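Enquirer: My structure file structure.txt, compact mmCIF, N, CA and C atoms, is below:
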# COMPACT_ATOMS: atom_id res chain seq x y z
N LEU O 1 93.67 107.74 102.16
CA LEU O 1 94.47 107.52 100.96
C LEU O 1 95.94 107.42 101.31
N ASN O 2 96.41 108.29 102.20
CA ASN O 2 97.80 108.20 102.63
C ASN O 2 98.09 106.89 103.35
N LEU O 3 97.19 106.46 104.23
CA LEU O 3 97.38 105.20 104.92
C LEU O 3 97.42 104.04 103.95
N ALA O 4 96.62 104.09 102.89
CA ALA O 4 96.65 103.00 101.91
C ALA O 4 97.92 103.04 101.08
N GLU O 5 98.40 104.24 100.74
CA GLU O 5 99.70 104.35 100.08
C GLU O 5 100.78 103.70 100.92
N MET O 6 100.78 103.99 102.21
CA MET O 6 101.80 103.44 103.09
C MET O 6 101.63 101.94 103.27
N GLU O 7 100.40 101.46 103.35
CA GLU O 7 100.19 100.02 103.48
C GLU O 7 100.65 99.29 102.24
N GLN O 8 100.45 99.86 101.06
CA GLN O 8 100.88 99.13 99.87
C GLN O 8 102.39 99.20 99.70
N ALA O 9 103.01 100.32 100.06
CA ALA O 9 104.46 100.33 100.14
C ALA O 9 104.96 99.22 101.06
N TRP O 10 104.29 99.03 102.19
CA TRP O 10 104.67 97.97 103.12
C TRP O 10 104.46 96.60 102.50
N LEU O 11 103.36 96.41 101.79
CA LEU O 11 103.08 95.11 101.20
C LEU O 11 104.06 94.77 100.10
N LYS O 12 104.65 95.77 99.45
CA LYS O 12 105.67 95.48 98.46
C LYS O 12 107.03 95.25 99.11
N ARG O 13 107.33 95.98 100.18
CA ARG O 13 108.63 95.81 100.83
C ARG O 13 108.66 94.61 101.76
N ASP O 14 107.50 94.04 102.08
CA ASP O 14 107.45 92.91 102.99
C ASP O 14 107.74 91.62 102.25
N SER O 15 108.43 90.70 102.91
CA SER O 15 108.74 89.40 102.34
C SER O 15 109.20 88.50 103.47
N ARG O 16 109.71 87.32 103.11
CA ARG O 16 110.45 86.54 104.08
C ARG O 16 111.73 87.27 104.46
N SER O 17 112.40 86.75 105.47
CA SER O 17 113.69 87.30 105.84
C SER O 17 114.53 86.21 106.48
N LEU O 18 115.82 86.21 106.16
CA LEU O 18 116.74 85.34 106.86
C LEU O 18 116.85 85.79 108.30
N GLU O 19 116.78 84.84 109.22
CA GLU O 19 116.88 85.15 110.64
C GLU O 19 117.83 84.16 111.30
N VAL O 20 118.73 84.68 112.12
CA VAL O 20 119.82 83.92 112.70
C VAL O 20 119.87 84.18 114.20
N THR O 21 120.28 83.17 114.95
CA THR O 21 120.68 83.33 116.33
C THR O 21 122.20 83.34 116.41
N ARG O 22 122.73 84.16 117.32
CA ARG O 22 124.16 84.13 117.59
C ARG O 22 124.38 83.93 119.07
N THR O 23 124.92 82.78 119.44
CA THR O 23 125.24 82.47 120.82
C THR O 23 126.58 83.10 121.15
N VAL O 24 126.57 84.11 122.01
CA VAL O 24 127.77 84.85 122.35
C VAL O 24 128.20 84.48 123.76
N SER O 25 129.09 83.51 123.87
CA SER O 25 129.69 83.16 125.16
C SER O 25 130.64 84.28 125.54
N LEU O 26 130.21 85.15 126.45
CA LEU O 26 130.98 86.35 126.77
C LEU O 26 132.34 86.03 127.36
N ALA O 27 132.54 84.81 127.87
CA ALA O 27 133.88 84.43 128.30
C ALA O 27 134.88 84.55 127.16
N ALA O 28 134.44 84.30 125.92
CA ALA O 28 135.33 84.43 124.78
C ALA O 28 135.74 85.87 124.52
N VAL O 29 134.76 86.77 124.37
CA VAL O 29 135.09 88.17 124.14
C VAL O 29 135.80 88.77 125.34
N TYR O 30 135.69 88.16 126.52
CA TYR O 30 136.53 88.56 127.64
C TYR O 30 137.95 88.02 127.51
N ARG O 31 138.12 86.81 126.98
CA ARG O 31 139.44 86.30 126.66
C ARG O 31 140.15 87.18 125.64
N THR O 32 139.40 87.81 124.74
CA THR O 32 140.01 88.81 123.87
C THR O 32 140.65 89.93 124.67
N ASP O 33 140.17 90.17 125.88
CA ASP O 33 140.78 91.13 126.79
C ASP O 33 141.76 90.50 127.76
N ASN O 34 141.94 89.18 127.71
CA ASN O 34 142.90 88.46 128.54
C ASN O 34 142.60 88.59 130.03
N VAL O 35 141.43 89.15 130.36
CA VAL O 35 141.03 89.47 131.73
C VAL O 35 139.75 88.69 132.01
N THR O 36 139.69 87.47 131.46
CA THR O 36 138.47 86.71 131.25
C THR O 36 137.59 86.64 132.49
N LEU O 37 136.28 86.42 132.28
CA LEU O 37 135.29 86.60 133.34
C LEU O 37 135.62 85.77 134.57
N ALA O 38 136.05 84.52 134.38
CA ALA O 38 136.24 83.61 135.50
C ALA O 38 137.03 84.24 136.64
N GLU O 39 138.14 84.91 136.32
CA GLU O 39 138.92 85.61 137.34
C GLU O 39 138.73 87.12 137.31
N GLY O 40 137.93 87.63 136.37
CA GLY O 40 137.64 89.06 136.37
C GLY O 40 136.45 89.39 137.25
N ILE O 41 135.70 88.36 137.65
CA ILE O 41 134.52 88.59 138.47
C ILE O 41 134.82 88.40 139.95
N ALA O 42 135.56 87.34 140.30
CA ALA O 42 135.82 87.03 141.70
C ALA O 42 136.70 88.08 142.35
N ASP O 43 137.72 88.56 141.63
CA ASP O 43 138.63 89.55 142.19
C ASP O 43 137.92 90.86 142.48
N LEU O 44 136.82 91.14 141.80
CA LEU O 44 136.08 92.38 142.04
C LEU O 44 135.39 92.27 143.39
N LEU O 45 136.05 92.78 144.43
CA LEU O 45 135.54 92.70 145.80
C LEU O 45 135.92 94.01 146.49
N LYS O 46 135.01 94.98 146.43
CA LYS O 46 135.22 96.28 147.05
C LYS O 46 133.90 97.04 147.00
N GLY O 47 133.76 97.98 147.93
CA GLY O 47 132.57 98.80 147.97
C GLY O 47 132.79 100.11 147.25
N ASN O 48 133.49 100.05 146.12
CA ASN O 48 133.81 101.26 145.37
C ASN O 48 132.58 101.79 144.64
N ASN W 1 48.60 155.76 42.24
CA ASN W 1 47.28 155.14 42.31
C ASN W 1 46.54 155.60 43.55
N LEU W 2 46.69 156.86 43.89
CA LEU W 2 46.12 157.43 45.10
C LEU W 2 44.72 157.96 44.84
N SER W 3 44.07 158.38 45.91
CA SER W 3 42.74 158.97 45.82
C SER W 3 42.87 160.48 45.69
N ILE W 4 41.75 161.19 45.78
CA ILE W 4 41.78 162.64 45.73
C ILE W 4 42.44 163.24 46.96
N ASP W 5 42.47 162.51 48.07
CA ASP W 5 43.10 162.97 49.30
C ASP W 5 44.51 162.44 49.47
N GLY W 6 45.05 161.74 48.48
CA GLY W 6 46.37 161.19 48.60
C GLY W 6 46.45 159.87 49.34
N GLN W 7 45.33 159.32 49.79
CA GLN W 7 45.33 158.02 50.44
C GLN W 7 45.40 156.92 49.39
N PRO W 8 46.17 155.86 49.65
CA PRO W 8 46.42 154.84 48.63
C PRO W 8 45.19 154.00 48.38
N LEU W 9 44.89 153.78 47.10
CA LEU W 9 43.78 152.92 46.70
C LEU W 9 44.16 151.45 46.65
N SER W 10 45.44 151.13 46.80
CA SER W 10 45.88 149.74 46.78
C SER W 10 46.01 149.21 48.20
N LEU W 11 46.04 147.88 48.31
CA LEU W 11 46.24 147.25 49.61
C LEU W 11 47.73 147.27 49.95
N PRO W 12 48.08 147.52 51.21
CA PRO W 12 49.50 147.64 51.57
C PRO W 12 50.25 146.32 51.43
N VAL W 13 51.57 146.46 51.32
CA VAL W 13 52.46 145.31 51.24
C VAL W 13 52.49 144.65 52.62
N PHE W 14 51.79 143.53 52.76
CA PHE W 14 51.95 142.76 53.97
C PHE W 14 53.10 141.78 53.81
N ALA W 15 53.69 141.41 54.93
CA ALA W 15 54.84 140.50 54.92
C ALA W 15 54.70 139.59 56.13
N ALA W 16 54.50 138.30 55.88
CA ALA W 16 54.46 137.34 56.97
C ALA W 16 55.77 137.39 57.75
N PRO W 17 55.72 137.62 59.06
CA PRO W 17 56.96 137.65 59.84
C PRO W 17 57.57 136.26 59.95
N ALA W 18 58.83 136.25 60.38
CA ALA W 18 59.55 134.99 60.50
C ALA W 18 59.20 134.28 61.80
N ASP W 19 59.00 132.97 61.70
CA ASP W 19 58.81 132.15 62.88
C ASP W 19 60.10 132.13 63.70
N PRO W 20 60.03 132.44 64.99
CA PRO W 20 61.24 132.46 65.82
C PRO W 20 61.91 131.09 65.82
N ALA W 21 63.22 131.09 65.59
CA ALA W 21 63.95 129.84 65.41
C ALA W 21 63.96 129.02 66.69
N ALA W 22 63.95 127.70 66.54
CA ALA W 22 64.10 126.81 67.68
C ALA W 22 65.57 126.72 68.06
N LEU W 23 65.88 127.05 69.31
CA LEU W 23 67.25 127.01 69.77
C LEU W 23 67.76 125.57 69.80
N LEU W 24 69.04 125.41 69.49
CA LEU W 24 69.64 124.08 69.43
C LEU W 24 71.10 124.19 69.83
N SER W 25 71.50 123.41 70.82
CA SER W 25 72.86 123.43 71.33
C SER W 25 73.53 122.08 71.09
N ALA W 26 74.84 122.06 71.28
CA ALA W 26 75.61 120.84 71.06
C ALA W 26 75.54 119.94 72.29
N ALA W 27 75.28 118.65 72.06
CA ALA W 27 75.28 117.64 73.10
C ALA W 27 76.12 116.47 72.62
N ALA W 28 77.17 116.14 73.38
CA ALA W 28 78.12 115.12 72.97
C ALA W 28 78.34 114.13 74.11
N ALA W 29 78.60 112.88 73.75
CA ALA W 29 78.89 111.86 74.75
C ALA W 29 80.29 112.07 75.31
N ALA W 30 80.44 111.79 76.60
CA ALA W 30 81.76 111.84 77.21
C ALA W 30 82.59 110.67 76.73
N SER W 31 83.85 110.94 76.40
CA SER W 31 84.74 109.92 75.87
C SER W 31 85.97 109.80 76.76
N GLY W 32 86.45 108.57 76.92
CA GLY W 32 87.60 108.31 77.75
C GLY W 32 88.00 106.85 77.74
N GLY W 33 89.30 106.59 77.75
CA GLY W 33 89.77 105.22 77.76
C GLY W 33 89.91 104.67 79.16
N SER W 34 89.94 103.34 79.25
CA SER W 34 90.14 102.68 80.52
C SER W 34 91.57 102.88 81.00
N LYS W 35 91.89 102.23 82.09
CA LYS W 35 93.24 102.34 82.62
C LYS W 35 93.88 100.97 82.66
N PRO W 36 95.13 100.83 82.22
CA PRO W 36 95.77 99.51 82.23
C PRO W 36 96.16 99.08 83.63
N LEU W 37 96.15 97.77 83.83
CA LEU W 37 96.43 97.22 85.14
C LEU W 37 97.90 97.41 85.49
N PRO W 38 98.24 97.51 86.77
CA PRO W 38 99.64 97.67 87.15
C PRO W 38 100.39 96.35 87.05
N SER W 39 101.71 96.45 87.14
CA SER W 39 102.54 95.26 87.11
C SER W 39 102.28 94.40 88.34
N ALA W 40 102.42 93.09 88.15
CA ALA W 40 102.08 92.11 89.16
C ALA W 40 103.34 91.64 89.87
N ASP W 41 103.16 91.13 91.08
CA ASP W 41 104.26 90.63 91.89
C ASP W 41 103.69 89.70 92.94
N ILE W 42 104.45 88.67 93.28
CA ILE W 42 103.99 87.75 94.31
C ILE W 42 104.17 88.40 95.67
N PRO W 43 103.12 88.55 96.45
CA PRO W 43 103.23 89.26 97.72
C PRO W 43 103.94 88.44 98.78
N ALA W 44 103.96 88.94 100.01
CA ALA W 44 104.51 88.20 101.13
C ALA W 44 103.53 87.20 101.71
N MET W 45 102.23 87.47 101.60
CA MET W 45 101.21 86.66 102.23
C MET W 45 100.65 85.63 101.27
N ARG W 46 100.14 84.54 101.82
CA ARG W 46 99.47 83.54 101.00
C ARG W 46 98.21 84.13 100.40
N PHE W 47 97.54 83.34 99.57
CA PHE W 47 96.37 83.88 98.88
C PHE W 47 95.20 84.18 99.80
N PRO W 48 94.81 83.32 100.75
CA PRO W 48 93.65 83.66 101.58
C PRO W 48 93.82 84.93 102.38
Output the structure of this file as structure tokens.
Expert:
Amino acid sequence: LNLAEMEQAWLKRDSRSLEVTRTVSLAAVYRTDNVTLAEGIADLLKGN
Amino acid sequence: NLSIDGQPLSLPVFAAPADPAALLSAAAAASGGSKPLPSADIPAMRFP
């Protein structure tokens, strides 16, 4: 009975849903840091 | 109306006893209304 209560709650709360992709070019959010990946990756050369 | 010995010369008062009553108890049909259907909603899944 509890499982059926939960299943029917699910069947009422279930529906379609909007779904989106977001392409996050991390070079941009690195440009927000002005330390962008292109030169933030090559300079990293150490066995630290 | 007795005899010389005081014994009654008449026939005694007989009394037909009562027939034991037939027991009778209450018997009633169970009564109850139906239940109304719940509110409807279009689910997430198709009909099949």
Enquirer: With 8 Å as the limit and counting only N, CA and C atoms, what residues in chain W lie close to chain O? Please list them as an mmCIF file with N, CA and C atoms, keeping the file's coordinate frame.
Expert:
data_model
loop_
_atom_site.group_PDB
_atom_site.id
_atom_site.type_symbol
_atom_site.label_atom_id
_atom_site.label_comp_id
_atom_site.auth_asym_id
_atom_site.auth_seq_id
_atom_site.Cartn_x
_atom_site.Cartn_y
_atom_site.Cartn_z
ATOM 1 N N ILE W 42 104.450 88.670 93.280
ATOM 2 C CA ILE W 42 103.990 87.750 94.310
ATOM 3 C C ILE W 42 104.170 88.400 95.670
ATOM 4 N N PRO W 43 103.120 88.550 96.450
ATOM 5 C CA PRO W 43 103.230 89.260 97.720
ATOM 6 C C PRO W 43 103.940 88.440 98.780
ATOM 7 N N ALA W 44 103.960 88.940 100.010
ATOM 8 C CA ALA W 44 104.510 88.200 101.130
ATOM 9 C C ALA W 44 103.530 87.200 101.710
ATOM 10 N N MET W 45 102.230 87.470 101.600
ATOM 11 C CA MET W 45 101.210 86.660 102.230
ATOM 12 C C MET W 45 100.650 85.630 101.270
#
Enquirer: One number please: atom CA of residue 42 of chain O to atom N of residue 23 of chain O, in Å, one decimal.
Expert: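 It comes out at 25.1 Å.
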Enquirer: Report as a list in words: the residues of segment 3-35 of chain O with a DSSP assignment of alpha helix (DSSP H), based on the backbone of this structure.
Expert: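 The alpha helix (DSSP H) subset of segment 3-35 of chain O is residues 3, 4, 5, 6, 7, 8, 9, 10, 11, 12, 13, 26, 27, 28, 29, 30 and 31 of chain O.
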Enquirer: For the atom pair atom CA of residue 8 of chain O and atom CA of residue 41 of chain W, what is the interatomic distance in Å to one decimal place?
Expert: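 Atom-to-atom, atom CA of residue 8 of chain O and atom CA of residue 41 of chain W are spaced 12.1 Å apart.
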Enquirer: What gap, in Å, lies between atom C of residue 25 of chain O and atom C of residue 38 of chain O?
Expert: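 About the pair atom C of residue 25 of chain O and atom C of residue 38 of chain O: they are 12.8 Å apart.
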Enquirer: Save segment 21-42 of chain O of the structure in the block above to a file, with N, CA, C and O atoms included, as a PDB file, in the first residue's frame.
Expert:
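Result written to result.pdb:
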ATOM      1  N   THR O  21      20.667  22.004 -23.312  1.00  0.00           N
ATOM      2  CA  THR O  21      22.111  21.857 -23.280  1.00  0.00           C
ATOM      3  C   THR O  21      22.744  23.233 -23.131  1.00  0.00           C
ATOM      4  O   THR O  21      22.250  24.227 -23.663  1.00  0.00           O
ATOM      5  N   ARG O  22      23.843  23.289 -22.385  1.00  0.00           N
ATOM      6  CA  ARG O  22      24.619  24.516 -22.314  1.00  0.00           C
ATOM      7  C   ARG O  22      26.064  24.210 -22.662  1.00  0.00           C
ATOM      8  O   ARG O  22      26.755  23.524 -21.906  1.00  0.00           O
ATOM      9  N   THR O  23      26.514  24.729 -23.796  1.00  0.00           N
ATOM     10  CA  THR O  23      27.891  24.567 -24.231  1.00  0.00           C
ATOM     11  C   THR O  23      28.741  25.610 -23.524  1.00  0.00           C
ATOM     12  O   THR O  23      28.601  26.807 -23.785  1.00  0.00           O
ATOM     13  N   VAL O  24      29.606  25.157 -22.627  1.00  0.00           N
ATOM     14  CA  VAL O  24      30.423  26.052 -21.819  1.00  0.00           C
ATOM     15  C   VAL O  24      31.859  25.985 -22.314  1.00  0.00           C
ATOM     16  O   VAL O  24      32.634  25.122 -21.886  1.00  0.00           O
ATOM     17  N   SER O  25      32.223  26.901 -23.207  1.00  0.00           N
ATOM     18  CA  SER O  25      33.609  27.030 -23.645  1.00  0.00           C
ATOM     19  C   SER O  25      34.392  27.633 -22.491  1.00  0.00           C
ATOM     20  O   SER O  25      34.329  28.840 -22.244  1.00  0.00           O
ATOM     21  N   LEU O  26      35.141  26.790 -21.777  1.00  0.00           N
ATOM     22  CA  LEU O  26      35.817  27.233 -20.564  1.00  0.00           C
ATOM     23  C   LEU O  26      36.848  28.322 -20.820  1.00  0.00           C
ATOM     24  O   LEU O  26      37.245  29.014 -19.876  1.00  0.00           O
ATOM     25  N   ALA O  27      37.302  28.484 -22.063  1.00  0.00           N
ATOM     26  CA  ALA O  27      38.164  29.618 -22.368  1.00  0.00           C
ATOM     27  C   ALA O  27      37.483  30.935 -22.024  1.00  0.00           C
ATOM     28  O   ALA O  27      38.151  31.881 -21.602  1.00  0.00           O
ATOM     29  N   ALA O  28      36.159  31.004 -22.163  1.00  0.00           N
ATOM     30  CA  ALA O  28      35.439  32.224 -21.821  1.00  0.00           C
ATOM     31  C   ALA O  28      35.455  32.501 -20.323  1.00  0.00           C
ATOM     32  O   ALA O  28      35.864  33.592 -19.898  1.00  0.00           O
ATOM     33  N   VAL O  29      35.023  31.536 -19.512  1.00  0.00           N
ATOM     34  CA  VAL O  29      35.043  31.737 -18.070  1.00  0.00           C
ATOM     35  C   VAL O  29      36.463  31.887 -17.545  1.00  0.00           C
ATOM     36  O   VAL O  29      36.655  32.403 -16.439  1.00  0.00           O
ATOM     37  N   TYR O  30      37.465  31.444 -18.305  1.00  0.00           N
ATOM     38  CA  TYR O  30      38.841  31.765 -17.959  1.00  0.00           C
ATOM     39  C   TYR O  30      39.208  33.192 -18.342  1.00  0.00           C
ATOM     40  O   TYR O  30      39.971  33.837 -17.615  1.00  0.00           O
ATOM     41  N   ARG O  31      38.690  33.693 -19.466  1.00  0.00           N
ATOM     42  CA  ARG O  31      38.842  35.100 -19.806  1.00  0.00           C
ATOM     43  C   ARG O  31      38.230  36.005 -18.754  1.00  0.00           C
ATOM     44  O   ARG O  31      38.728  37.117 -18.548  1.00  0.00           O
ATOM     45  N   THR O  32      37.163  35.555 -18.091  1.00  0.00           N
ATOM     46  CA  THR O  32      36.656  36.302 -16.944  1.00  0.00           C
ATOM     47  C   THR O  32      37.722  36.460 -15.871  1.00  0.00           C
ATOM     48  O   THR O  32      37.674  37.408 -15.080  1.00  0.00           O
ATOM     49  N   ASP O  33      38.687  35.544 -15.822  1.00  0.00           N
ATOM     50  CA  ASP O  33      39.821  35.658 -14.919  1.00  0.00           C
ATOM     51  C   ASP O  33      41.040  36.299 -15.570  1.00  0.00           C
ATOM     52  O   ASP O  33      42.068  36.445 -14.903  1.00  0.00           O
ATOM     53  N   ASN O  34      40.962  36.653 -16.854  1.00  0.00           N
ATOM     54  CA  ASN O  34      42.033  37.343 -17.573  1.00  0.00           C
ATOM     55  C   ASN O  34      43.308  36.508 -17.647  1.00  0.00           C
ATOM     56  O   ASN O  34      44.357  37.000 -18.074  1.00  0.00           O
ATOM     57  N   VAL O  35      43.225  35.241 -17.240  1.00  0.00           N
ATOM     58  CA  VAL O  35      44.365  34.339 -17.123  1.00  0.00           C
ATOM     59  C   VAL O  35      44.093  33.158 -18.047  1.00  0.00           C
ATOM     60  O   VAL O  35      44.452  32.012 -17.753  1.00  0.00           O
ATOM     61  N   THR O  36      43.474  33.455 -19.190  1.00  0.00           N
ATOM     62  CA  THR O  36      42.763  32.499 -20.031  1.00  0.00           C
ATOM     63  C   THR O  36      43.583  31.247 -20.328  1.00  0.00           C
ATOM     64  O   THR O  36      44.817  31.278 -20.289  1.00  0.00           O
ATOM     65  N   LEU O  37      42.890  30.148 -20.650  1.00  0.00           N
ATOM     66  CA  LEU O  37      43.511  28.827 -20.690  1.00  0.00           C
ATOM     67  C   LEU O  37      44.714  28.792 -21.620  1.00  0.00           C
ATOM     68  O   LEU O  37      45.743  28.205 -21.277  1.00  0.00           O
ATOM     69  N   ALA O  38      44.604  29.426 -22.791  1.00  0.00           N
ATOM     70  CA  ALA O  38      45.643  29.321 -23.812  1.00  0.00           C
ATOM     71  C   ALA O  38      47.035  29.562 -23.245  1.00  0.00           C
ATOM     72  O   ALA O  38      47.957  28.788 -23.526  1.00  0.00           O
ATOM     73  N   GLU O  39      47.205  30.608 -22.440  1.00  0.00           N
ATOM     74  CA  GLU O  39      48.483  30.876 -21.797  1.00  0.00           C
ATOM     75  C   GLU O  39      48.499  30.516 -20.320  1.00  0.00           C
ATOM     76  O   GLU O  39      49.536  30.676 -19.672  1.00  0.00           O
ATOM     77  N   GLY O  40      47.379  30.045 -19.774  1.00  0.00           N
ATOM     78  CA  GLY O  40      47.377  29.587 -18.397  1.00  0.00           C
ATOM     79  C   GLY O  40      47.778  28.131 -18.286  1.00  0.00           C
ATOM     80  O   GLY O  40      48.068  27.637 -17.194  1.00  0.00           O
ATOM     81  N   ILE O  41      47.790  27.425 -19.414  1.00  0.00           N
ATOM     82  CA  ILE O  41      48.127  26.010 -19.398  1.00  0.00           C
ATOM     83  C   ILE O  41      49.596  25.790 -19.733  1.00  0.00           C
ATOM     84  O   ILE O  41      50.276  25.003 -19.064  1.00  0.00           O
ATOM     85  N   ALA O  42      50.113  26.485 -20.750  1.00  0.00           N
ATOM     86  CA  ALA O  42      51.479  26.256 -21.196  1.00  0.00           C
ATOM     87  C   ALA O  42      52.491  26.705 -20.154  1.00  0.00           C
ATOM     88  O   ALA O  42      53.493  26.019 -19.931  1.00  0.00           O
TER      89      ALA O  42
END
